[PDB]
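Naming: A, B, ... by sequence-line order, numbering from 1 per chain.
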Amino acid sequence: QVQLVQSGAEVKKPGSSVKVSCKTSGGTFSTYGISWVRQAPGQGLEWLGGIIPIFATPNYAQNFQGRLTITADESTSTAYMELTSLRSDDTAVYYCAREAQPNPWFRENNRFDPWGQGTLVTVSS
Amino acid sequence: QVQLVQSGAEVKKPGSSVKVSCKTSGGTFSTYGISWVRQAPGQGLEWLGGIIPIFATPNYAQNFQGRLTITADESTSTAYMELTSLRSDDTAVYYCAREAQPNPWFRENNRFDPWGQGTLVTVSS
Amino acid sequence: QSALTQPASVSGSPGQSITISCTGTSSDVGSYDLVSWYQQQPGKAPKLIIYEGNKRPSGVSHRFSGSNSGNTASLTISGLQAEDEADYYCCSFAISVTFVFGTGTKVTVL
Amino acid sequence: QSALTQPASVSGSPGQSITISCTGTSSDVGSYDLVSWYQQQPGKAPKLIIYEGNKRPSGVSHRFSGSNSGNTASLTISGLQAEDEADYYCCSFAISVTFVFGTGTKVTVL
Amino acid sequence: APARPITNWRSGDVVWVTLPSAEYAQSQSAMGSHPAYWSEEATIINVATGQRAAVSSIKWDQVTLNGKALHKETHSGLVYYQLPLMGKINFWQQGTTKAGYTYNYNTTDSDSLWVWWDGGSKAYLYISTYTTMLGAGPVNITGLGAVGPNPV
Amino acid sequence: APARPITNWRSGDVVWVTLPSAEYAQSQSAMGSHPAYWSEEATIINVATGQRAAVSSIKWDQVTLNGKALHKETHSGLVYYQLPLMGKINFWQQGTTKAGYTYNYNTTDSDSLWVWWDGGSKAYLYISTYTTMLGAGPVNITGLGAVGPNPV
């Protein structure tokens with residue numbers, strides 16, 4: 001059973017930038033995928049972006065293009081996300097999830113079987 | 001429906017070399033395979049060799065290694081086989097067959113759906 | 001890109017069956033035979049219940065069934081219980097390399 | 001490399017079923033779930049009847065069934081008729097990139 | 001499940017190109033007046049998915065990379081379509097160890113696949129080359145590459 | 001239904017090698033005292049079949065190409081295993097357009113993948129390079145190639 005462990009909760013002032021890390025224990029990245037999903041308090045799930053570590057070509061949603069960066073490290077099985085120019089509506093619980101599809105290709109057939117514990121980021125003062 | 005058309009029957013003296021051509025009509029080679037099977041009169045089918053035209057790396061049976069050459073032409077959809085140092089027991093009907101496995105890889109799971117009309121080679125005097 | 005429309009509120013009595021739809025527009029949402037479903041109980045992280053249309057992961061209760069009809073993917077829960085009172089989301093792949101989550105549906109027990 | 005052993009002579013009365021075995025030795029003959037069967041009537045070119053275990057090509061009579069049990073692949077013909085009186089061969093892929101044909105079986109009607 | 005069509009491409013895809021009868025061109029406009037090997041009956045294969053098609057049989061104005069249309073360059077009235085690659089394009093003579101090399105063999109720049117389309121059923125596939133190391137033509141050439149990111 | 005194991009290879013197979021934290025070696029014995037990039041935790045992928053494994057996790061005395069064992073060269077007491085390629089090995093910095101080139105970048109020779117194995121759970125994967133065009137290391141490198149015929 002592979003485990004996804006995320007960094008601790010952070011509080012940041014508006015206009016700053018945050019970096020949330022996701023740790024893969026019990027295995028390696030291999031040829032799987034990593035996706036970032038955030039949930040604002042009282043709202044639904046919003047997919048932020050994802051990456052396939054062997055491809056190393058991240059792709060983001062329209063709302064976060066030019067504002068989000070996703071990177072993965074193979075030496076240490078850690079995936080990163082970075083959101084800049086934080087606003088008050090960026091306050092959410094950010095989830096790291098694994099795209100459980102062994103083939104990096106055929107990525108349309110995919111699922112998020114293991115989920116991270118979730119990191120809560122608060123953008124206020 | 002794709003058709004395989006072979007060259008006409010030939011009579012060759014012992015010790016000579018014959019070249020049998022197989023023409024693909026109704027389509028192209030694409031990424032399929034071409035195999036050569038011969039049947040001596042009154043006996044069973046014997047697999048001689050095969051090739052994947054895009055790979056262009058022929059492989060032969062143990063008995064015909066160093067005696068058989070198989071090549072494929074893509075500009076003109078024709079497959080060739082060449083047997084050298086002909087003996088009296090080489091007299092047989094030679095068949096060209098298509099390996100109807102679309103993926104060049106996964107070649108283990110294969111079948112010979114269309115067969116050529118067969119070329120009868122007689123090695124005597 | 002437009003999100004996947006979901007029936008925000010769905011309710012049912014204990015024992016009956018309910019169906020949650022997932023409707024999208026455009027071919028940028030992919031085929032509906034490959035839509036995954038997730039369940040989020042209050043305070044917990046989302047967990048996968050149905051993936052690849054109607055495939056159930058190990059340990060998922062056999063009361064979750066997934067269908068596909070044209071431009072709508074449906075999740076059906078049979079034998080409603082108190083532990084089915086959660087939030088359910090559908091996700092799919094896009095022509096642009098992205099994932100789109102559904103609007104979300106809350107399941108209530110009458 | 002050793003060929004595939006076949007029961008050279010097999011016979012059956014009109015109506016019953018017959019089974020032709022295809023036994024090999026040594027990983028080198030590949031999986032027996034991916035064995036193809038061919039039928040050769042007198043004077044005609046070989047034609048495929050069963051491919052990839054138990055898959056029948058279009059136009060092949062539905063009386064041909066293929067099985068797989070351990071290191072033996074079996075072809076079964078139901079409802080023997082005069083048109084089933086031919087020669088049948090099994091083929092398989094090898095670890096060396098080659099194809100191995102069976103010894104061949106002649107079907108007779110009593 | 002339905003297969004991913006060869007018209008739709010993604011970054012990190014492995015591309016297999018066949019160049020039957022490829023000819024040598026001294027200068028290609030799409031590659032900045034540099035030598036190239038081109039074929040009239042080229043075939044493109046997505047290795048991971050196994051899908052295939054003849055280059056002349058593809059409507060190249062409908063080909064998308066990561067959901068976006070391919071980059072177009074109008075050079076001397078001829079419209080060329082670009083398929084970017086991660087790294088260089090590795091091409092060699094069919095069935096032989098003899099292996100060609102591209103124009104930018106010294107440099108660190110990545111390569112690209114260039115297609116000329118007339119809007120009908122005639123398409124030309126171009127691959128970068130330095131000289132006639134594989135012959136002046138006709139010569140059968142097989143190339144391999146990995147699809148790169150969308151041009152910016 | 002059982003997938004083809006990555007231990008068994010065929011000619012024309014497409015190979016995908018990852019070289020996390022690759023280091024530069026000025027001279028490697030298996031490449032005739034020529035520069036190479038090597039990684040300690042490399043990963044090999046058969047692109048067409050989708051199978052994968054860590055290089056250190058593979059028993060390299062059991063790897064067969066076309067049913068035959070790989071060629072071995074004992075160089076200074078270290079046993080190296082060879083995976084021949086059709087054409088050159090195409091490698092680039094991972095996640096970037098920056099693309100490296102091999103030693104024989106003007107020659108027409110093909111490349112090969114060299115693996116050092118200790119007989120246990122420690123394997124080194126080597127890819128041919130000319131200079132430190134991707135840096136002295138550590139650097140993440142992705143390589144692509146097509147498997148060639150058996151050495152004769």
Side-chain angles (χ1 to χ4, degrees), chain B residues 1-6 9 22 33-52 55-65 68 70 92-120, chain D residues 1-9 20 22 27-60 64 66 68 73 86-106:
Chain B
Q1 200 103 5
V2 51
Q3 263 80 59
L4 286 195
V5 175
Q6 320 195 196
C22 180
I34 281 314
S35 64
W36 289 98
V37 183
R38 84 170 182 189
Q39 204 187 30
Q43 299 146 59
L45 302 170
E46 183 178 2
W47 191 83
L48 309 171
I51 203 168
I52 295 280
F55 293 162
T57 59
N59 289 284
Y60 319 95
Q62 261 216 15
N63 289 337
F64 301 92
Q65 266 138 26
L68 183 59
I70 288 146
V93 172
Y94 287 71
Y95 289 107
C96 74
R98 207 263 297 266
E99 307 173 68
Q101 159 58 241
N103 219 89
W105 319 266
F106 304 94
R107 187 200 208 170
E108 71 281 5
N109 191 43
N110 222 320
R111 79 236 142 215
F112 306 137
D113 161 36
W115 287 64
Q117 93 255 16
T119 290
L120 170 63
Chain D
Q1 167 195 12
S2 294
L4 293 172
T5 278
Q6 251 178 294
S9 195
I20 291 113
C22 196
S27 62
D28 275 5
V29 282
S31 202
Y32 289 81
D33 191 66
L34 319 176
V35 178
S36 39
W37 292 90
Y38 303 87
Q39 171 192 28
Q40 191 170 27
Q41 285 174 41
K44 277 174 229 179
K47 183 178 179 180
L48 173 81
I49 58 191
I50 289 201
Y51 78 82
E52 160 205 48
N54 45 288
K55 293 296 182 183
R56 257 188 308 285
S58 65
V60 174
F64 298 98
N68 159 41
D87 272 282
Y88 301 86
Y89 306 73
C90 44
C91 195
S92 194
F93 198 70
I95 192 73
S96 68
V97 190
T98 41
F99 286 93
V100 179
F101 272 109
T103 323
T105 288
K106 216 209 174 200

Looking at CZ of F93(D) and CH2 of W47(B), how far apart are the two atoms once the value is rounded to the nearest 0.5 Å?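 Separation between the atoms: 7.5 Å.
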Rounded distance (nearest 0.5 Å) linking atom CD of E46(B) with atom CZ of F99(D):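 Going from the CD atom of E46(B) to the CZ atom of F99(D) covers 15.5 Å.
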Within residues 92-99 of chain B, residues adjacent to chain D where the heavy-atom gap is under 4.5 Å: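 Those residues of residues 92-99 of chain B which have a heavy atom under 4.5 Å from chain D are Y95(B), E99(B).
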Checking an interface table here. Which of residues 109-119 of chain B come within a heavy-atom distance under 4.5 Å of chain D?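 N109(B), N110(B), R111(B), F112(B), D113(B), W115(B), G116(B) fall under the 4.5 Å cut-off.
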Give me the atom names and distance for the closest heavy-atom approach of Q39(B) to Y89(D).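 Between these two residues, the closest heavy atoms are NE2-OH, 3.3 Å.
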Can you list every salt bridge (charged side-chain N to carboxylate O under 4.0 Å, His left out) pair that touches residues 36-57 of chain D, not counting sequence neighbours?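 Listed once each, the pairs would be none.
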Chain B contact via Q40(D) - side chain, backbone, both or neither, heavy atoms under 4.5 Å: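 Just the side chain, heavy atoms under 4.5 Å.
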Under a 4.5 Å heavy-atom cut-off, does chain B meet the side chain of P46(D), its backbone, both or neither?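 Interface part for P46(D): both.
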Please output the residues of residues 29-38 of chain D in contact with chain B, using a heavy-atom cutoff of under 4.5 Å, in numerical order.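 If one takes a 4.5 Å heavy-atom cut-off, the residues of residues 29-38 of chain D near chain B are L34(D), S36(D), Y38(D).
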Any chance CD of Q62(B) has more than 12 other-residue heavy atoms, nucleotides or ligands included, within less than 6.0 Å?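 Atom CD in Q62(B) is not packed in, count stays at 12 or less.
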Between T103(D), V100(D), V97(D), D87(D), which shows the greatest number of heavy-atom pairs under 4.5 Å with chain B?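 Top count of heavy-atom pairs under 4.5 Å with chain B: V97(D).
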